[PDB]
Structures are given as C-alpha cells and as structure tokens.
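Reproduced below: query-v4.pdb, with PDB, C-alpha atoms and all ligand atoms.
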ATOM      1  CA  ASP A  50      18.500 -20.407 -14.314
ATOM      2  CA  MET A  51      17.076 -23.759 -15.349
ATOM      3  CA  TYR A  52      15.200 -24.818 -18.484
ATOM      4  CA  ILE A  53      13.552 -27.983 -19.771
ATOM      5  CA  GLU A  54      13.922 -29.748 -23.120
ATOM      6  CA  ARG A  55      11.692 -32.579 -24.321
ATOM      7  CA  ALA A  56      13.444 -35.955 -24.708
ATOM      8  CA  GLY A  57      10.651 -38.367 -25.611
ATOM      9  CA  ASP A  58       7.318 -40.046 -25.015
ATOM     10  CA  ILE A  59       6.713 -42.091 -21.868
ATOM     11  CA  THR A  60       6.053 -45.578 -23.217
ATOM     12  CA  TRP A  61       6.865 -49.174 -22.375
ATOM     13  CA  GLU A  62       9.389 -50.644 -24.862
ATOM     14  CA  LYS A  63       8.544 -54.214 -25.800
ATOM     15  CA  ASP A  64      12.060 -55.530 -26.405
ATOM     16  CA  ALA A  65      13.950 -53.460 -23.857
ATOM     17  CA  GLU A  66      17.214 -54.666 -22.387
ATOM     18  CA  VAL A  67      16.709 -56.424 -19.030
ATOM     19  CA  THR A  68      19.215 -56.068 -16.198
ATOM     20  CA  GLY A  69      19.673 -55.290 -12.524
ATOM     21  CA  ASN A  70      18.986 -57.495  -9.523
ATOM     22  CA  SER A  71      16.360 -57.137  -6.771
ATOM     23  CA  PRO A  72      17.896 -56.424  -3.364
ATOM     24  CA  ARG A  73      15.839 -56.413  -0.170
ATOM     25  CA  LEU A  74      17.356 -53.738   2.071
ATOM     26  CA  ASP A  75      16.596 -52.239   5.478
ATOM     27  CA  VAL A  76      16.803 -48.462   5.102
ATOM     28  CA  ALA A  77      16.010 -45.291   7.050
ATOM     29  CA  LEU A  78      14.838 -41.980   5.595
ATOM     30  CA  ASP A  79      15.888 -38.853   7.485
ATOM     31  CA  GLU A  80      14.178 -35.460   7.673
ATOM     32  CA  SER A  81      16.501 -34.224   4.905
ATOM     33  CA  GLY A  82      15.179 -36.828   2.478
ATOM     34  CA  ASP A  83      18.354 -38.938   2.509
ATOM     35  CA  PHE A  84      18.208 -42.743   2.662
ATOM     36  CA  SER A  85      20.728 -44.718   4.662
ATOM     37  CA  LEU A  86      21.357 -48.405   5.330
ATOM     38  CA  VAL A  87      20.340 -49.756   8.718
TER
ATOM     39  CA  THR B  18       3.973 -28.361 -22.601
ATOM     40  CA  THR B  19       3.412 -31.672 -24.427
ATOM     41  CA  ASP B  20       3.230 -34.769 -22.228
ATOM     42  CA  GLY B  21       6.501 -36.648 -22.033
ATOM     43  CA  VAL B  22       9.937 -36.917 -20.433
ATOM     44  CA  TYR B  23      12.139 -33.810 -20.289
ATOM     45  CA  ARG B  24      15.743 -32.937 -19.478
ATOM     46  CA  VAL B  25      16.334 -30.265 -16.803
ATOM     47  CA  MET B  26      19.261 -28.092 -17.938
ATOM     48  CA  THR B  27      21.239 -25.134 -16.614
ATOM     49  CA  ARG B  28      23.698 -22.803 -18.314
ATOM     50  CA  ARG B  29      25.064 -21.284 -15.103
ATOM     51  CA  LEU B  30      27.962 -23.755 -15.158
ATOM     52  CA  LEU B  31      30.464 -24.507 -17.898
ATOM     53  CA  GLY B  32      28.513 -25.047 -21.117
ATOM     54  CA  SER B  33      25.040 -26.559 -20.840
ATOM     55  CA  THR B  34      24.687 -29.060 -18.011
ATOM     56  CA  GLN B  35      21.921 -31.566 -17.332
ATOM     57  CA  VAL B  36      21.012 -31.435 -13.635
ATOM     58  CA  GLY B  37      18.091 -33.859 -13.942
ATOM     59  CA  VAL B  38      14.957 -35.106 -15.673
ATOM     60  CA  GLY B  39      11.224 -34.940 -15.181
ATOM     61  CA  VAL B  40       7.737 -35.839 -16.345
ATOM     62  CA  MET B  41       5.116 -33.591 -17.954
ATOM     63  CA  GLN B  42       1.625 -35.055 -17.452
ATOM     64  CA  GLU B  43      -1.745 -33.292 -17.405
ATOM     65  CA  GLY B  44      -0.095 -29.855 -17.623
ATOM     66  CA  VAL B  45       2.074 -30.456 -14.534
ATOM     67  CA  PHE B  46       5.846 -30.937 -14.493
ATOM     68  CA  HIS B  47       7.122 -33.466 -11.957
ATOM     69  CA  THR B  48      10.740 -33.880 -10.811
ATOM     70  CA  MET B  49      12.836 -34.559  -7.708
ATOM     71  CA  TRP B  50      13.369 -31.691  -5.271
ATOM     72  CA  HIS B  51      17.143 -32.166  -5.180
ATOM     73  CA  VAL B  52      17.257 -31.495  -8.926
ATOM     74  CA  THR B  53      15.754 -27.962  -8.844
ATOM     75  CA  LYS B  54      15.807 -27.029  -5.113
ATOM     76  CA  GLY B  55      12.342 -25.639  -5.813
ATOM     77  CA  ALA B  56      13.500 -22.983  -8.291
ATOM     78  CA  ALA B  57      11.408 -21.741 -11.176
ATOM     79  CA  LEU B  58      11.962 -23.296 -14.616
ATOM     80  CA  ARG B  59      11.944 -22.004 -18.174
ATOM     81  CA  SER B  60      10.189 -23.863 -20.996
ATOM     82  CA  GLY B  61      10.892 -21.974 -24.201
ATOM     83  CA  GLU B  62       9.812 -18.388 -23.575
ATOM     84  CA  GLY B  63       7.423 -19.568 -20.841
ATOM     85  CA  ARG B  64       7.966 -19.869 -17.098
ATOM     86  CA  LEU B  65       6.986 -22.767 -14.844
ATOM     87  CA  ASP B  66       6.496 -21.884 -11.189
ATOM     88  CA  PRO B  67       6.709 -24.383  -8.321
ATOM     89  CA  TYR B  68       3.337 -25.464  -6.942
ATOM     90  CA  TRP B  69       4.016 -28.211  -4.371
ATOM     91  CA  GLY B  70       7.129 -29.761  -2.924
ATOM     92  CA  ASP B  71       8.565 -31.703  -0.023
ATOM     93  CA  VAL B  72      12.260 -32.180   0.804
ATOM     94  CA  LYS B  73      11.689 -35.402   2.740
ATOM     95  CA  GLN B  74       9.838 -37.092  -0.117
ATOM     96  CA  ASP B  75      12.354 -35.415  -2.465
ATOM     97  CA  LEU B  76       9.615 -34.370  -4.928
ATOM     98  CA  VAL B  77       8.341 -31.151  -6.537
ATOM     99  CA  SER B  78       5.581 -30.274  -9.000
ATOM    100  CA  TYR B  79       5.205 -27.210 -11.221
ATOM    101  CA  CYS B  80       2.033 -25.503 -12.529
ATOM    102  CA  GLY B  81      -0.296 -27.717 -10.509
ATOM    103  CA  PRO B  82      -0.548 -30.527  -7.962
ATOM    104  CA  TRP B  83       1.241 -33.856  -8.211
ATOM    105  CA  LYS B  84      -0.620 -35.967 -10.797
ATOM    106  CA  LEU B  85       1.224 -39.333 -10.819
ATOM    107  CA  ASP B  86      -0.526 -41.993  -8.766
ATOM    108  CA  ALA B  87       0.316 -45.415 -10.236
ATOM    109  CA  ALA B  88       2.140 -47.783  -7.897
ATOM    110  CA  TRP B  89       4.389 -50.791  -8.386
ATOM    111  CA  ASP B  90       2.364 -53.992  -8.066
ATOM    112  CA  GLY B  91       5.056 -55.692  -5.961
ATOM    113  CA  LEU B  92       5.428 -58.580  -8.437
ATOM    114  CA  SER B  93       6.186 -57.498 -12.031
ATOM    115  CA  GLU B  94       9.151 -56.084 -13.864
ATOM    116  CA  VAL B  95       9.206 -52.364 -14.579
ATOM    117  CA  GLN B  96      11.125 -50.094 -16.951
ATOM    118  CA  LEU B  97      13.354 -47.158 -16.141
ATOM    119  CA  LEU B  98      13.158 -44.597 -18.951
ATOM    120  CA  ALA B  99      16.668 -43.356 -18.311
ATOM    121  CA  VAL B 100      17.528 -40.005 -19.862
ATOM    122  CA  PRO B 101      21.287 -39.690 -19.172
ATOM    123  CA  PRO B 102      23.191 -36.428 -19.728
ATOM    124  CA  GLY B 103      24.034 -36.070 -23.420
ATOM    125  CA  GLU B 104      22.495 -39.430 -24.316
ATOM    126  CA  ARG B 105      19.322 -40.637 -25.960
ATOM    127  CA  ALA B 106      16.453 -41.778 -23.769
ATOM    128  CA  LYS B 107      16.486 -45.541 -23.314
ATOM    129  CA  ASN B 108      14.270 -48.053 -21.540
ATOM    130  CA  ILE B 109      15.818 -50.541 -19.113
ATOM    131  CA  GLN B 110      13.654 -53.394 -17.811
ATOM    132  CA  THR B 111      14.243 -54.754 -14.310
ATOM    133  CA  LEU B 112      12.588 -56.537 -11.383
ATOM    134  CA  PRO B 113      12.580 -54.108  -8.428
ATOM    135  CA  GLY B 114      13.941 -54.976  -5.053
ATOM    136  CA  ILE B 115      12.507 -53.495  -1.868
ATOM    137  CA  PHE B 116      13.468 -50.767   0.603
ATOM    138  CA  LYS B 117      12.137 -51.878   4.022
ATOM    139  CA  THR B 118      11.524 -48.952   6.386
ATOM    140  CA  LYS B 119       9.898 -48.466   9.775
ATOM    141  CA  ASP B 120       6.982 -46.895   7.882
ATOM    142  CA  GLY B 121       6.536 -49.655   5.289
ATOM    143  CA  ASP B 122       8.021 -51.054   2.095
ATOM    144  CA  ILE B 123       9.067 -49.189  -1.067
ATOM    145  CA  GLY B 124      10.072 -50.641  -4.428
ATOM    146  CA  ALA B 125      13.674 -49.982  -5.471
ATOM    147  CA  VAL B 126      15.621 -50.350  -8.721
ATOM    148  CA  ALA B 127      19.245 -51.512  -8.780
ATOM    149  CA  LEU B 128      20.373 -49.444 -11.779
ATOM    150  CA  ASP B 129      23.267 -46.936 -11.753
ATOM    151  CA  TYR B 130      23.233 -43.752 -13.866
ATOM    152  CA  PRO B 131      24.874 -40.313 -13.512
ATOM    153  CA  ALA B 132      23.315 -37.944 -10.982
ATOM    154  CA  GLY B 133      21.915 -35.856 -13.861
ATOM    155  CA  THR B 134      19.580 -38.753 -14.670
ATOM    156  CA  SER B 135      17.618 -38.034 -11.461
ATOM    157  CA  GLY B 136      13.909 -37.563 -12.139
ATOM    158  CA  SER B 137      13.776 -40.169 -14.890
ATOM    159  CA  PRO B 138      10.434 -42.031 -14.724
ATOM    160  CA  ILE B 139       9.942 -45.662 -13.795
ATOM    161  CA  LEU B 140       7.021 -47.250 -15.646
ATOM    162  CA  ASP B 141       4.717 -50.225 -15.315
ATOM    163  CA  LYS B 142       3.612 -52.389 -18.266
ATOM    164  CA  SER B 143       0.703 -50.005 -19.044
ATOM    165  CA  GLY B 144       3.149 -47.113 -19.458
ATOM    166  CA  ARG B 145       2.050 -45.391 -16.261
ATOM    167  CA  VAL B 146       4.663 -43.617 -14.173
ATOM    168  CA  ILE B 147       5.000 -45.455 -10.827
ATOM    169  CA  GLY B 148       7.696 -43.141  -9.493
ATOM    170  CA  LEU B 149      10.865 -41.242 -10.228
ATOM    171  CA  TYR B 150      14.478 -42.444 -10.166
ATOM    172  CA  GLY B 151      17.302 -40.856  -8.206
ATOM    173  CA  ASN B 152      16.840 -40.884  -4.414
ATOM    174  CA  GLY B 153      18.586 -43.938  -3.028
ATOM    175  CA  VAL B 154      21.497 -45.505  -1.248
ATOM    176  CA  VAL B 155      24.866 -47.098  -1.905
ATOM    177  CA  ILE B 156      24.997 -50.702  -0.725
ATOM    178  CA  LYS B 157      27.753 -52.787   0.847
ATOM    179  CA  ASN B 158      29.441 -53.584  -2.480
ATOM    180  CA  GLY B 159      29.493 -49.958  -3.660
ATOM    181  CA  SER B 160      26.690 -50.020  -6.241
ATOM    182  CA  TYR B 161      23.666 -47.739  -6.328
ATOM    183  CA  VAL B 162      20.013 -48.589  -5.637
ATOM    184  CA  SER B 163      17.238 -46.039  -6.152
ATOM    185  CA  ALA B 164      13.893 -45.914  -4.441
ATOM    186  CA  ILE B 165      10.874 -45.844  -6.733
ATOM    187  CA  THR B 166       9.757 -42.469  -5.342
ATOM    188  CA  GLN B 167       6.060 -41.690  -5.868
ATOM    189  CA  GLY B 168       3.999 -38.745  -4.642
ATOM    190  CA  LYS B 169       0.360 -38.469  -3.606
ATOM    191  CA  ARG B 170      -2.466 -37.367  -5.902
TER
HETATM  192  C1  LIG C   1      29.727 -45.267 -13.303
HETATM  193  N1  LIG C   1      28.345 -45.004 -13.763
HETATM  194  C2  LIG C   1      28.141 -44.888 -15.214
HETATM  195  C3  LIG C   1      26.755 -45.400 -15.617
HETATM  196  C4  LIG C   1      26.456 -44.574 -16.841
HETATM  197  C5  LIG C   1      25.468 -44.745 -17.804
HETATM  198  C6  LIG C   1      25.368 -43.847 -18.855
HETATM  199  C7  LIG C   1      26.248 -42.785 -18.947
HETATM  200  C8  LIG C   1      27.235 -42.611 -17.989
HETATM  201  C9  LIG C   1      27.337 -43.506 -16.931
HETATM  202  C10 LIG C   1      28.214 -43.439 -15.712
END
So, in terms of structure tokens, how does the structure I just supplied come out?
Amino acid sequence: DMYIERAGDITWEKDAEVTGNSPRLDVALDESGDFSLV
Amino acid sequence: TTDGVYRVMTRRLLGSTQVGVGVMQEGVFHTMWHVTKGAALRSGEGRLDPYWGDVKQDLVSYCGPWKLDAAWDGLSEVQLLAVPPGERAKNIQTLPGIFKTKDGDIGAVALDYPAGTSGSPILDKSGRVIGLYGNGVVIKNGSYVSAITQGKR
C-alpha cells in the first residue's frame, strides 16, 4: 500500500548545475512499454 | 493536494521505500505506470484512485484526466527536477537528445538516477512539465537515457 509525500514546488532553478550530453538514438517501443535500441 | 512534486512511497518492504515520484497539478496526480502498476494511493488520510492509464505510454493519472500538455521545443535546454530516494529535490539542466522511432521523434535526457526517481518531472524554462523521467534505454556504453514521456490532454 502506497502513499505520497510532498517534496517541493515545480520551478525552474536559475543557476542549476548543467550536465548530460544529447544522444540521437534509433529506438523501438514495444507493446509492454519498453524501449530498445535498434 | 497542493500542486508540486511528490515522492511515491511504500512500507510493504523493509522500512519505507521510495518506488517513484509524480506531479500534482490541477487536482490530478501524474506518474509513470511502472511505478504504481495502477494501484490506488494514499495521501494523508485520503485516497487517490486511478483515473486513466496506459502501459505502452507508461503513464497513469489519479483523480482526473492527464493534465500535462507542454512539449519540448526541440531546441532549448530543460531541467530534470530529480527527487532521488532519501535525497532532497534538485534541478539538473541539460540539452535533450532524441529518441527516433518509426512513429516519430521524442526528446530524451541522458541523466542517470536510481529507479525510485521514476516519475520526476522534466521542465521547460517557463516551469511547465514537458514530461516525466524514467522510461528509457541503456546505450552501447552502459549509461542510461530516459525518454521525455508526455501524455495527451
Ligand atoms: C549509479 N547511479 C547513481 C546515480 C545516483 C544519484 C543519486 C543517488 C544515487 C545514485 C545512483
């Protein structure tokens, strides 16, 4: 049995850390909602 | 019931465990299907019942229809409001990549958090939720990339 607990407002943070790259990937989505690489 | 980002917890395991995250907006709670499997949720002494869901999209809404309709613009950085298990909410800014599928293109964020972070919102510069984090793929080098998963309003 599951319950929810508030963790914050949904706001853009002006000086947030920036990271992560930007891959372009061919993917397939199956009937179960799982992504796979092509 | 206040708008905002929420942890999804269970006590049926050892201790209290965070199974995911979601978004309360306009009286509707939004998370990923794989987080709750469509089960009812408790909020205080109140109960939230599922209203809409779809395994293939991996989304579910509670108390009303899916309300989030902002979309990535295809050009600008976004922010993941990651809410990791046991950790304070924190914004991470990133330029999305792209999932290319036979049915069109989807934004994707190359950021790796524990599974319990699923349902964390991804935001545009106006603070609008453009999708939820946590349905994705592992790429050739072993790192994780999440679709920006958005429903229909
Ligand atoms: C190997 N992934 C790490 C990434 C992360 C971030 C916050 C808390 C825990 C963890 C696990």
Test item: residues lying within 8 Å of ligand LIG 1 (chain C) with only C-alpha atoms and all ligand atoms, as a ChimeraX atom specification: /B:101-102,104,129-131
task: Run the PyMOL selection byres (((chain A and resi 75) around 9) and not hetatm) on the file and write out the hits as a PyMOL selection string.
output: (chain A and resi 73-74+76-77+85-87) or (chain B and resi 115-119)
Resolved residues for the PyMOL selection byres (((chain B and resi 42) around 12) and not hetatm) as a ChimeraX atom specification: /A:58-59 /B:18-23,39-41,43-48,78-86,138,145-146
field: 10 Å contact set for region 66-76 of chain B, only C-alpha atoms, chain neighbours under 4 positions out, as JSON, numbers by chain
entry: {"A": [78, 79, 80, 81, 82, 83, 84], "B": [45, 46, 47, 48, 49, 50, 51, 52, 53, 54, 55, 56, 57, 58, 59, 80, 81, 82, 83, 136, 149, 151, 152, 166, 167, 168]}
What's the 7 Å shell around residue 67 (chain A), counting all atoms listed in the file, without same-chain residues fewer than 2 positions away, as a compact mmCIF listing (two decimals) with C-alpha atoms, in the coordinates of the input?
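Result saved to result-v5.txt:
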# COMPACT_ATOMS: atom_id res chain seq x y z
CA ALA A 65 13.95 -53.46 -23.86
CA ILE B 109 15.82 -50.54 -19.11
CA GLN B 110 13.65 -53.39 -17.81
CA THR B 111 14.24 -54.75 -14.31
- prompt: Can you list, as a PyMOL selection string, the residues that the PyMOL selection byres (((chain A and resi 52) around 9) and not hetatm) selects here?
  reply: (chain A and resi 50-51+53-54) or (chain B and resi 24-28+57-61+64)
- prompt: How many Å separate CA of residue 34 (chain B) from CA of residue 100 (chain B)?
  reply: 13.2 Å
Box for region 118-133 of chain B: with edges along x, y and z, all listed atoms inside and 8 Å added on each side, what are the centre and edge lengths in Å to one decimal, as AutoDock Vina command-line options?
--center_x 15.7 --center_y -43.7 --center_z -2.0 --size_x 34.3 --size_y 31.7 --size_z 39.6
task: Go ahead and find all residues with at least one atom no further than 10 Å from (5.6, -48.8, -11.3) in the file's coordinates, using only C-alpha atoms; report them as an MDAnalysis selection string.
output: chainID B and resid 86:91 93:97 113 124 138:149 165:167
field: Atomic distance CA of residue 56 (chain A) - CA of residue 105 (chain B), expressed in Å with one decimal
entry: 7.6 Å
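A straight line drawn from CA of residue 135 (chain B) to CA of residue 114 (chain B) is 18.5 Å long.
Each of B:30, B:127, B:92, B:164 was checked against chain A using only C-alpha atoms; the smallest atom-to-atom distance is that of B:127.
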- prompt: Which is closer to chain A than all the others in B:108, B:134, B:163, B:35, using only C-alpha atoms?
  reply: B:108
